[PDB]
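Trainee: just the starting chains for now, same placement as in the complex:
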Amino acid sequence: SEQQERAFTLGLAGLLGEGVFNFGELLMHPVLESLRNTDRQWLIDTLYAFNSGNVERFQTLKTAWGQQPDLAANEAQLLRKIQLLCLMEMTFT
């Protein structure tokens, strides 16, 4: 019950960071995935949007439905991060 919000605000501060645009790998880390199972699945699904996406405009809005604060400042940064995220996945897929 403590680690569900612990890994929640961790997912918030880690996703909103500008230095890390995706890092979808460590989102799957096995010790934190059980903590994500207790969390609501809108955060895990939008973390898959930042894992692959990119748009997926419904999920990047769904994280605004789920988390009101601190997202309004970094929202445009997330949009830029996924806009540069799809460039690797379009030639990689």
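Mentor: Arrived safely. Residues are numbered from 1 along each chain as shown, chains lettered A, B, ... in the order given.

Trainee: every contact and neighbour count from this point should use C-alpha atoms.
Mentor: Will do.

Trainee: pull up the gap between the spatially most central residue of chain A and residue A:81, please.
Mentor: Nearest to the geometric centre of chain A sits residue A:47, at 3.2 Å (C-alpha atoms, centre = their mean). As judged by C-alpha to C-alpha, to the nearest Å, residue A:47 and residue A:81 stand 13 Å apart.

Trainee: same check on residue A:48?
Mentor: Distance of residue A:48 to residue A:81, given as C-alpha to C-alpha: 14 Å.

Trainee: find residues that contact each of the two.
Mentor: Counting by C-alpha atoms under 8 Å, 6 or more residues apart in numbering, no residue touches both residue A:48 and residue A:81.

Trainee: extra chain here, label it chain B:
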Amino acid sequence: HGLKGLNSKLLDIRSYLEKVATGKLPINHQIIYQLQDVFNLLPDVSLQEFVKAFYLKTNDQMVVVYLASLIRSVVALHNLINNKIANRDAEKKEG
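Mentor: Adding chain B to the chains above:
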């Protein structure tokens, strides 16, 4: 280097699947996800520019094989002429 490179990655990819089958945790993925994607970095085939490298490489072998035919003419000229000279001379003088 070729064949030992075949069985290297073979047995090494055999360990890649065996470690996932048995031995977990884990080994997947401290590096599994990134290393395997580095394997998926380059497939890597044409189109397009890789087709240009083809006949460009053909244009590269031009010069060397052209020179090869040049050495063929020079080696055949010298050796054959000089050998037949010293041959016909040794036979006609002794015989």
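
Trainee: ok so, going back, thinking the residue nearest to the centre of chain A is in contact with residue A:25, fair?
Mentor: No: between residue A:47 and residue A:25 there is no contact under C-alpha atoms under 8 Å: 10.5 Å.

Trainee: residues of chain B that sit close to chain A?
Mentor: Contacts of chain B with chain A, taken as C-alpha under 8 Å from any C-alpha of the partner chain, map to B:33, B:40-41.

Trainee: now render those as JSON lines, adding neighbour count and secondary structure.
Mentor: Output for those, formatted as JSON lines (neighbours: other C-alpha atoms under 10 Å in any protein chain shown; DSSP: H, G, I helix; E, B strand; the rest coil):
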{"residue": "B:33", "neighbour count": "12", "secondary structure": "helix"}
{"residue": "B:40", "neighbour count": "12", "secondary structure": "coil"}
{"residue": "B:41", "neighbour count": "11", "secondary structure": "coil"}
